[PDB]
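Only one chain is shown below, in structure tokens, and it's the form deposited in one PDB entry.
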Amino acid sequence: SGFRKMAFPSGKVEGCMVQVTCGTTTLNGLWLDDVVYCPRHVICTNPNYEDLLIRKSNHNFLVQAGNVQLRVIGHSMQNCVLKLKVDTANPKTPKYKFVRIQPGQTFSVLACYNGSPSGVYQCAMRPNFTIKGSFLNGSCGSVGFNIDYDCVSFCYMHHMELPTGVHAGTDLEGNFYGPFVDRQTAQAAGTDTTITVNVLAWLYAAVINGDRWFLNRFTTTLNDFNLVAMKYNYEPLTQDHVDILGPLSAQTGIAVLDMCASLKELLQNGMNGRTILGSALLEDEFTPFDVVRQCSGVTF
């Protein structure tokens, strides 16, 4: 029993983190095979990054894997990520893929400083394409990932903090999540919305763990609920979301539209001094799979 915000074991990624220093800036890079990936804004000196990089020589890039130093033998740019070719293939390179995640999906973040891992936590790609992480100066290049079996799927590289304190980054191919640029300009997180399918998944997690007070005899329609959803700044619930929740509906005897009626009442009446899984708010950073994985016991 118990339900907790749980990150993937980070060992396979710790062995890939390195420190990258160009000019005055130091941040983190990801060492896979014979390439180090890091944010292109490490580029020394409204920037024209292709033009700034030609001035740079391989030996301007200091790369350290612990005490050991890696020799840069080439450099290239892919969107907002810089790729440093090094002389040595990382002997601890895991089986891995680069993937791009969708809003509402979760991943583990390995927060790093000076190439040394310092913490791991779970976070969701918000509908406004930010994440609510915990990053200080020097965390740029920290990465986000999921693990399926022995395969690490890298999905996020951290680039910047926005004025509201939330965070923005790219996939490992250098494409930003959301309408952001890697520049000193005026940028702001858009208005956010609540990830409806994830709230429902969390209510099923609560039921599985004995928290049942919010259940009621009623059910609703997808059309009726989604009108309540938009009213409360909740993402629309689609039939595909209903399908994904199928497993949990079968396991608990609570149909999704049966649970939507519960969520409707919670949105309209509050929780009246009660809590669900130790929270006084509705939590939307657990996916249906996160709830199945943790209420069943998958391992890596």
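Note that residue numbering follows the sequence shown and begins at 1.
Keep in mind that the form deposited with a small molecule bound is missing from the display, and what follows is about it.
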Contact test, all of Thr106, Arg126 and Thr196, partner the small molecule in the bound PDB entry, heavy atom 4.5 Å: no
Among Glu161, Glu173, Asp224, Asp211, which has at least one heavy atom within 4.5 Å of the small molecule in the bound PDB entry? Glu161
Answer key, the small molecule contact in the bound PDB entry at 4.5 Å (heavy atoms) among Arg183, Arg71, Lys132, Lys83: the residue is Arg183
Does the small molecule get within 4.5 angstroms of any non-hydrogen atom of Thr26 in the bound PDB entry? yes
Distance check, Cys140 to the small molecule in the bound PDB entry, heavy atom within 4.5 Å: yes
Check whether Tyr232 has any heavy atom within 4.5 Å of a heavy atom of the small molecule in the bound PDB entry, and answer yes or no. no
So in the bound PDB entry, does any heavy atom of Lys264 sit within 4.5 Å of the small molecule? no
Spot the stretch among 255-263, 53-61, 26-34, 238-246 with residues whose non-hydrogen atoms come within 4.5 Å of the small molecule in the bound PDB entry. 26-34
